[PDB]
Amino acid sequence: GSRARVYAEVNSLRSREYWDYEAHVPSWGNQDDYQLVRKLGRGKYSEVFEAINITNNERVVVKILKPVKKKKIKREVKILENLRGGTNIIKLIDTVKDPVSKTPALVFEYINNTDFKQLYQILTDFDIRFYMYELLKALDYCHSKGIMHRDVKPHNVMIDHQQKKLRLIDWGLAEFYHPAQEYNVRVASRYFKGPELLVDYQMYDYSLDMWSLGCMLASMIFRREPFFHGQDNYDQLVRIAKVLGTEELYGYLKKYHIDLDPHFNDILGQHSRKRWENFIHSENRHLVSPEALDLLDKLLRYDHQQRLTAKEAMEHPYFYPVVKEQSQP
């Protein structure tokens, strides 16, 4: 068995109403209050449009939800309501339906986001520390509120690089953590899936998000994006094992009594645990420090229970420059 090291009992200590999302009843307003301007993106079960609120000329974003169980919609809405006002959590402004189609939609604050594929390549050492610290604030907050995001990746982190404002978005895969609950492993996006997901270990927790965050950190400081570039879910674990080593993998599986899909027998091979310094070269050297490598080593661990918590990560020396700069000249 496995239990989160932090925030394990959060939900059981709260009113049932807090976590019993199936009982939540959203109030659906009129989407006619919003003029859609342009498409910003899409997902498996949504598309998102920039919009103007006709009544007050506020620029917002409208996420039109594609056909899903009402249950998944209630989950996302209740989670967003529970996290509202939290540090660096996207603000849910309203829940609306189009009168003709009857299609439900969520309205969020607009962030003047720079595409990560443009942004990450101009970030300084300090900028990476700063934004990673901001994202950690969001994760410590949601974890403290009993919620796992389960889809941390650059696409889900909106950054206004002028305002220095970061928001964690797309809470559609987020879930309430309950100790000993077995969860579906078909979460996250391939390059950000923790080893627990890839070996079908269901008793995971908030620490899944910390794997994903470590993947982001590695891509930012080393400039190899994505960092672990699997061709499929099987190959994803092989790419991880080429860095973290196979001995440590087999150790992890034995510790948690995880049976390894035998398709891995012929593709994993035997790999040493690598030095993180191996990834340094002339074009990324300025973004790498001993502190960054120590943090990465403590996030990207097979054993989910051994990974730093969001708060432990915030306390790491890598972020000392950020903590110091929070008092302006």
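When you see a residue number, it is the position in the sequence shown, counting from 1. Here, rigid core means the biggest group of C-alpha atoms that superpose within 1.5 Å across both forms.
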Core fit done; bigger CA RMS in 5 other deposited structures of this protein for 101-109 or for 215-223?
-> 101-109
Of the stretches 278-286 and 33-41, which sits farther from where it is here in 5 other deposited structures of this protein, on average over its Cα atoms, after fitting the core?
-> 33-41
Could you check the entry and say whether 26-34 or 286-294 has the higher mean CA B-factor?
-> 26-34
Of 63-71 and 272-280, the one with larger mean CA B-factor | 63-71
Whose C-alpha has the highest temperature factor in the PDB entry: 149, 97, 186, 178?
-> 97
Pull the Cα B-factor of residue 123 out of the PDB entry and bin it into the chain's lowest, middle or highest third.
-> middle
Divide the modelled residues of the chain into thirds by Cα B-factor and specify which third, lowest, middle or highest, holds residue 102.
-> highest
Lowest, middle or highest third - CA B-factor, residue 166 = middle
Comparing against every modelled residue in the chain, figure out the third that the C-alpha B-factor of residue 143 lands in (lowest, middle or highest).
-> lowest
For residue 194, the third of its chain into which the C-alpha B factor falls = lowest
